[PDB]
Amino acid sequence: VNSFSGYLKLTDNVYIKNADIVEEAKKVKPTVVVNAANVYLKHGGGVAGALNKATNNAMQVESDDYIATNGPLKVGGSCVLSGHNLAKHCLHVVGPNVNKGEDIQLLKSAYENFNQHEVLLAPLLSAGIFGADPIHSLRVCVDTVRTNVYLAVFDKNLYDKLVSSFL
Ligand SMILES: OC[C@H]1CN(c2ncnc3[nH]c4cc(F)ccc4c23)CC2(CCC2)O1
């Protein structure tokens with residue numbers, strides 16, 4: 001039993017809710033919140049900008065030190081950093097950004113990072129300003145992630161389309 005509330009169950013291990021991931025993280029304090037990161041960990045907008053703003057820019061400060069030491073992530077890759085006031089840990093995952101021309105096949109690799117964590121609160125990778133079809137992202141999630149994932153979808157209209165079209 002865990003503390004996630006109000007989710008619709010899609011499969012054995014995937015759950016979904018119309019929610020603001022920032023507010024959801026603030027209330028649940030999950031072990032892992034996933035950020036929709038880019039390779040430079042520049043958290044300017046979308047989910048990343050919202051999560052970073054909620055940390056009062058501490059996420060960005062930590063991220064800048066990470067990049068200065070380690071260099072950029074790979075598209076499809078991830079790193080574990082602090083969850084600050086939102087979670088124990090933040091798993092920064094880089095899905096492909098269609099608006100930069102990156103290969104959508106890398107979306108499966110991106111979701112594979114979730115399998116290293118037993119339970120996660122996450123957004124749909126490559127959705128929103130990353131330009132992929134969220135219906136496709138949900139399908140890849142369900143077909144790739146085997147650990148327990150709680151998906152937060154900010155847009156109510158999109159949430160209803162994802163549920164109604166789910167096979
Ligand atoms: O940029 C659009 C991208 C963002 N995503 C999110 N998902 C879950 N929680 C979210 N909280 C936020 C707070 C923000 F200020 C900005 C974005 C989010 C967000 C999923 C979607 C939005 C509909 C599909 O796309």
# chains A, B, ... in the order shown; residues from 1 in each chain; ligands from 1
>>> residues_near_ligand(ligand="ligand 1", cutoff="9 Å", atoms="only C-alpha atoms and all ligand atoms", output="JSON list (two decimals) with N, CA, C and O atoms, in the first residue's frame")
[["chain", "number", "residue", "atom", "x", "y", "z"],
["A", 18, "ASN", "N", -5.22, 13.16, -13.49],
["A", 18, "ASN", "CA", -5.16, 14.56, -13.91],
["A", 18, "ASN", "C", -4.68, 15.36, -12.71],
["A", 18, "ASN", "O", -5.42, 15.57, -11.75],
["A", 19, "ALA", "N", -3.41, 15.76, -12.73],
["A", 19, "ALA", "CA", -2.84, 16.44, -11.58],
["A", 19, "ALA", "C", -1.64, 17.26, -12.03],
["A", 19, "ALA", "O", -1.01, 16.98, -13.05],
["A", 20, "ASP", "N", -1.35, 18.29, -11.23],
["A", 20, "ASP", "CA", -0.12, 19.07, -11.35],
["A", 20, "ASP", "C", 0.97, 18.32, -10.59],
["A", 20, "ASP", "O", 0.88, 18.15, -9.37],
["A", 21, "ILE", "N", 2.00, 17.85, -11.31],
["A", 21, "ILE", "CA", 3.04, 17.02, -10.70],
["A", 21, "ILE", "C", 3.72, 17.75, -9.55],
["A", 21, "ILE", "O", 4.17, 17.12, -8.59],
["A", 22, "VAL", "N", 3.81, 19.07, -9.61],
["A", 22, "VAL", "CA", 4.40, 19.84, -8.51],
["A", 22, "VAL", "C", 3.55, 19.70, -7.26],
["A", 22, "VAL", "O", 4.06, 19.45, -6.16],
["A", 23, "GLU", "N", 2.24, 19.90, -7.40],
["A", 23, "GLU", "CA", 1.34, 19.78, -6.26],
["A", 23, "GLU", "C", 1.27, 18.34, -5.80],
["A", 23, "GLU", "O", 1.21, 18.07, -4.59],
["A", 24, "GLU", "N", 1.29, 17.41, -6.74],
["A", 24, "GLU", "CA", 1.27, 16.02, -6.34],
["A", 24, "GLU", "C", 2.53, 15.65, -5.55],
["A", 24, "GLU", "O", 2.45, 14.97, -4.53],
["A", 36, "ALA", "N", 11.23, 15.86, -16.49],
["A", 36, "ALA", "CA", 11.37, 15.89, -17.95],
["A", 36, "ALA", "C", 12.54, 16.81, -18.30],
["A", 36, "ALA", "O", 12.38, 17.98, -18.65],
["A", 45, "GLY", "N", 11.48, 25.47, -18.60],
["A", 45, "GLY", "CA", 10.06, 25.49, -18.88],
["A", 45, "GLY", "C", 9.49, 24.09, -18.85],
["A", 45, "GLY", "O", 10.18, 23.12, -18.56],
["A", 46, "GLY", "N", 8.20, 24.00, -19.16],
["A", 46, "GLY", "CA", 7.52, 22.73, -19.07],
["A", 46, "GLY", "C", 7.57, 22.20, -17.65],
["A", 46, "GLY", "O", 7.62, 22.96, -16.68],
["A", 47, "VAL", "N", 7.55, 20.87, -17.53],
["A", 47, "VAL", "CA", 7.63, 20.23, -16.23],
["A", 47, "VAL", "C", 8.89, 20.67, -15.49],
["A", 47, "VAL", "O", 8.86, 20.93, -14.28],
["A", 48, "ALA", "N", 10.03, 20.70, -16.19],
["A", 48, "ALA", "CA", 11.29, 21.01, -15.51],
["A", 48, "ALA", "C", 11.28, 22.41, -14.93],
["A", 48, "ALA", "O", 11.71, 22.64, -13.80],
["A", 49, "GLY", "N", 10.79, 23.38, -15.70],
["A", 49, "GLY", "CA", 10.72, 24.73, -15.17],
["A", 49, "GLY", "C", 9.82, 24.82, -13.96],
["A", 49, "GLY", "O", 10.12, 25.54, -13.01],
["A", 50, "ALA", "N", 8.70, 24.08, -13.98],
["A", 50, "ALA", "CA", 7.78, 24.09, -12.85],
["A", 50, "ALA", "C", 8.41, 23.44, -11.62],
["A", 50, "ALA", "O", 8.31, 23.97, -10.51],
["A", 51, "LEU", "N", 9.02, 22.26, -11.78],
["A", 51, "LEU", "CA", 9.66, 21.61, -10.64],
["A", 51, "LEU", "C", 10.76, 22.50, -10.06],
["A", 51, "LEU", "O", 10.85, 22.69, -8.85],
["A", 53, "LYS", "N", 11.17, 25.79, -10.23],
["A", 53, "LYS", "CA", 10.58, 26.94, -9.57],
["A", 53, "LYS", "C", 10.09, 26.57, -8.17],
["A", 53, "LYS", "O", 10.28, 27.33, -7.21],
["A", 122, "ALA", "N", 5.65, 10.46, -12.06],
["A", 122, "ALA", "CA", 6.29, 10.89, -13.29],
["A", 122, "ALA", "C", 5.34, 11.60, -14.23],
["A", 122, "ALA", "O", 4.12, 11.37, -14.19],
["A", 123, "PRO", "N", 5.87, 12.43, -15.13],
["A", 123, "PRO", "CA", 5.11, 12.93, -16.27],
["A", 123, "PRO", "C", 5.31, 11.98, -17.45],
["A", 123, "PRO", "O", 6.18, 11.12, -17.45],
["A", 124, "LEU", "N", 4.49, 12.18, -18.48],
["A", 124, "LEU", "CA", 4.70, 11.47, -19.73],
["A", 124, "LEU", "C", 5.92, 12.03, -20.45],
["A", 124, "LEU", "O", 5.95, 13.21, -20.83],
["A", 125, "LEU", "N", 6.92, 11.18, -20.66],
["A", 125, "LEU", "CA", 8.16, 11.61, -21.28],
["A", 125, "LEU", "C", 7.92, 12.05, -22.71],
["A", 125, "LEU", "O", 7.14, 11.45, -23.46],
["A", 126, "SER", "N", 8.63, 13.10, -23.10],
["A", 126, "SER", "CA", 8.61, 13.68, -24.43],
["A", 126, "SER", "C", 7.29, 14.37, -24.78],
["A", 126, "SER", "O", 7.16, 14.87, -25.90],
["A", 127, "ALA", "N", 6.34, 14.44, -23.84],
["A", 127, "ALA", "CA", 5.09, 15.15, -24.07],
["A", 127, "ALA", "C", 5.30, 16.66, -23.89],
["A", 127, "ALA", "O", 6.42, 17.15, -23.69],
["A", 128, "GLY", "N", 4.20, 17.41, -23.98],
["A", 128, "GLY", "CA", 4.29, 18.84, -23.76],
["A", 128, "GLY", "C", 5.25, 19.49, -24.75],
["A", 128, "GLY", "O", 5.24, 19.19, -25.95],
["A", 129, "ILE", "N", 6.11, 20.37, -24.23],
["A", 129, "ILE", "CA", 7.02, 21.13, -25.09],
["A", 129, "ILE", "C", 8.10, 20.27, -25.75],
["A", 129, "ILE", "O", 8.84, 20.79, -26.61],
["A", 130, "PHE", "N", 8.21, 18.99, -25.39],
["A", 130, "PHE", "CA", 9.12, 18.09, -26.10],
["A", 130, "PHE", "C", 8.54, 17.58, -27.42],
["A", 130, "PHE", "O", 9.27, 16.95, -28.19],
["A", 131, "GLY", "N", 7.25, 17.80, -27.68],
["A", 131, "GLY", "CA", 6.72, 17.67, -29.02],
["A", 131, "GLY", "C", 6.26, 16.30, -29.46],
["A", 131, "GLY", "O", 5.81, 16.17, -30.61],
["A", 134, "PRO", "N", 1.47, 12.50, -26.88],
["A", 134, "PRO", "CA", 1.32, 11.89, -25.55],
["A", 134, "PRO", "C", 0.66, 10.52, -25.59],
["A", 134, "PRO", "O", 0.94, 9.70, -24.71],
["A", 151, "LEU", "N", 1.49, 8.35, -13.07],
["A", 151, "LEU", "CA", 1.62, 9.40, -14.08],
["A", 151, "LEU", "C", 0.68, 10.55, -13.75],
["A", 151, "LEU", "O", -0.53, 10.35, -13.58],
["A", 152, "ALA", "N", 1.24, 11.75, -13.72],
["A", 152, "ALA", "CA", 0.50, 12.98, -13.52],
["A", 152, "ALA", "C", 0.41, 13.71, -14.86],
["A", 152, "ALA", "O", 1.43, 14.02, -15.48],
["A", 153, "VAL", "N", -0.82, 13.99, -15.28],
["A", 153, "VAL", "CA", -1.09, 14.68, -16.53],
["A", 153, "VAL", "C", -1.75, 16.01, -16.19],
["A", 153, "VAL", "O", -2.86, 16.03, -15.65],
["A", 154, "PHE", "N", -1.06, 17.11, -16.50],
["A", 154, "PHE", "CA", -1.51, 18.44, -16.09],
["A", 154, "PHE", "C", -2.82, 18.83, -16.77],
["A", 154, "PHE", "O", -3.71, 19.41, -16.13],
["A", 155, "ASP", "N", -2.94, 18.57, -18.07],
["A", 155, "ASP", "CA", -4.07, 19.06, -18.85],
["A", 155, "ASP", "C", -5.25, 18.10, -18.75],
["A", 155, "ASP", "O", -5.15, 16.93, -19.15],
["A", 156, "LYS", "N", -6.39, 18.60, -18.24],
["A", 156, "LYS", "CA", -7.56, 17.75, -18.07],
["A", 156, "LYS", "C", -8.06, 17.21, -19.41],
["A", 156, "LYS", "O", -8.41, 16.03, -19.53],
["A", 157, "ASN", "N", -8.11, 18.07, -20.43],
["A", 157, "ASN", "CA", -8.54, 17.62, -21.75],
["A", 157, "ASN", "C", -7.66, 16.48, -22.25],
["A", 157, "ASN", "O", -8.16, 15.48, -22.77],
["A", 158, "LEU", "N", -6.34, 16.61, -22.08],
["A", 158, "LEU", "CA", -5.44, 15.54, -22.51],
["A", 158, "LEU", "C", -5.64, 14.29, -21.68],
["A", 158, "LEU", "O", -5.66, 13.18, -22.23],
["A", 159, "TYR", "N", -5.78, 14.44, -20.36],
["A", 159, "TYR", "CA", -6.00, 13.28, -19.51],
["A", 159, "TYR", "C", -7.20, 12.47, -20.00],
["A", 159, "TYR", "O", -7.13, 11.25, -20.16]]
>>> residues_around(residues="stretch 107-118 of chain A", least_positions_apart="6", cutoff="12 Å", atoms="only C-alpha atoms", output="number ranges by chain")
A: 2, 13-14, 30-39, 73-80, 89-98, 124-127, 130-134, 136-151
>>> select_by_dssp(residues="stretch 18-112 of chain A", states="helix (DSSP H, G or I)", output="CSV table (one decimal) with C-alpha atoms, in the first residue's frame")
chain,number,residue,atom,x,y,z
A,21,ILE,CA,3.0,17.0,-10.7
A,22,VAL,CA,4.4,19.8,-8.5
A,23,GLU,CA,1.3,19.8,-6.3
A,24,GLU,CA,1.3,16.0,-6.3
A,25,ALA,CA,4.9,15.8,-5.3
A,26,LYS,CA,4.4,18.4,-2.5
A,27,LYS,CA,1.6,16.3,-1.0
A,28,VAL,CA,2.9,12.8,-1.5
A,46,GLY,CA,7.5,22.7,-19.1
A,47,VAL,CA,7.6,20.2,-16.2
A,48,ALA,CA,11.3,21.0,-15.5
A,49,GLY,CA,10.7,24.7,-15.2
A,50,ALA,CA,7.8,24.1,-12.8
A,51,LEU,CA,9.7,21.6,-10.6
A,52,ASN,CA,12.7,23.9,-10.4
A,53,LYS,CA,10.6,26.9,-9.6
A,54,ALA,CA,9.0,24.9,-6.7
A,58,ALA,CA,17.9,24.8,-5.7
A,59,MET,CA,17.3,22.1,-8.4
A,60,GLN,CA,19.1,24.4,-11.0
A,61,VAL,CA,22.0,25.1,-8.6
A,62,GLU,CA,22.5,21.4,-7.9
A,63,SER,CA,22.2,20.6,-11.6
A,64,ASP,CA,24.7,23.2,-12.7
A,65,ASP,CA,27.3,21.6,-10.4
A,66,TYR,CA,26.4,18.1,-11.7
A,67,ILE,CA,27.0,19.3,-15.3
A,68,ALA,CA,30.2,21.1,-14.5
A,69,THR,CA,31.5,17.8,-13.0
A,70,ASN,CA,30.1,15.2,-15.4
A,98,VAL,CA,10.9,16.3,-31.5
A,99,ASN,CA,11.3,20.1,-31.8
A,100,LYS,CA,15.1,19.4,-31.9
A,106,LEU,CA,14.9,6.9,-27.9
A,107,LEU,CA,11.7,7.3,-26.0
A,108,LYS,CA,11.8,3.6,-25.0
A,109,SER,CA,15.4,3.9,-23.7
A,110,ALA,CA,14.3,7.0,-21.7
A,111,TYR,CA,11.5,5.0,-20.0
A,112,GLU,CA,13.8,2.1,-19.2
>>> atom_distance(atom1="atom CA of residue A:120", atom2="atom CA of residue A:29")
10.7 Å
>>> select_by_dssp(residues="stretch 22-155 of chain A", states="strand (DSSP E or B)", output="PyMOL selection string")
chain A and resi 32-36+78-82+89-93+119-122+148-153
>>> decode(residues="stretch 81-110 of chain A", atoms="C-alpha atoms", output="PDB file, in the first residue's frame")
ATOM      1  CA  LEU A  81      19.815  14.048  -7.892  1.00  0.00           C
ATOM      2  CA  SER A  82      18.113  15.450  -4.812  1.00  0.00           C
ATOM      3  CA  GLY A  83      14.350  15.794  -4.702  1.00  0.00           C
ATOM      4  CA  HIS A  84      14.732  18.934  -2.574  1.00  0.00           C
ATOM      5  CA  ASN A  85      11.381  19.853  -0.970  1.00  0.00           C
ATOM      6  CA  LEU A  86       9.422  17.735  -3.477  1.00  0.00           C
ATOM      7  CA  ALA A  87      10.646  14.134  -3.053  1.00  0.00           C
ATOM      8  CA  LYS A  88      13.551  12.180  -1.629  1.00  0.00           C
ATOM      9  CA  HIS A  89      15.153  11.942  -5.085  1.00  0.00           C
ATOM     10  CA  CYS A  90      14.615  13.448  -8.509  1.00  0.00           C
ATOM     11  CA  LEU A  91      15.269  11.165 -11.468  1.00  0.00           C
ATOM     12  CA  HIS A  92      16.142  13.544 -14.312  1.00  0.00           C
ATOM     13  CA  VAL A  93      15.239  11.662 -17.516  1.00  0.00           C
ATOM     14  CA  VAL A  94      15.941  12.968 -21.024  1.00  0.00           C
ATOM     15  CA  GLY A  95      13.305  11.967 -23.530  1.00  0.00           C
ATOM     16  CA  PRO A  96      13.868  12.893 -27.179  1.00  0.00           C
ATOM     17  CA  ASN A  97      12.747  16.410 -28.110  1.00  0.00           C
ATOM     18  CA  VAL A  98      10.931  16.260 -31.458  1.00  0.00           C
ATOM     19  CA  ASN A  99      11.305  20.066 -31.762  1.00  0.00           C
ATOM     20  CA  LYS A 100      15.116  19.422 -31.915  1.00  0.00           C
ATOM     21  CA  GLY A 101      14.825  16.485 -34.395  1.00  0.00           C
ATOM     22  CA  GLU A 102      15.758  13.668 -31.955  1.00  0.00           C
ATOM     23  CA  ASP A 103      14.900  10.023 -32.716  1.00  0.00           C
ATOM     24  CA  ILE A 104      11.561   9.038 -31.133  1.00  0.00           C
ATOM     25  CA  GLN A 105      12.863   5.443 -30.770  1.00  0.00           C
ATOM     26  CA  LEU A 106      14.937   6.876 -27.911  1.00  0.00           C
ATOM     27  CA  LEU A 107      11.698   7.251 -25.956  1.00  0.00           C
ATOM     28  CA  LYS A 108      11.820   3.559 -25.010  1.00  0.00           C
ATOM     29  CA  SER A 109      15.399   3.942 -23.735  1.00  0.00           C
ATOM     30  CA  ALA A 110      14.275   6.955 -21.694  1.00  0.00           C
TER      31      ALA A 110
END
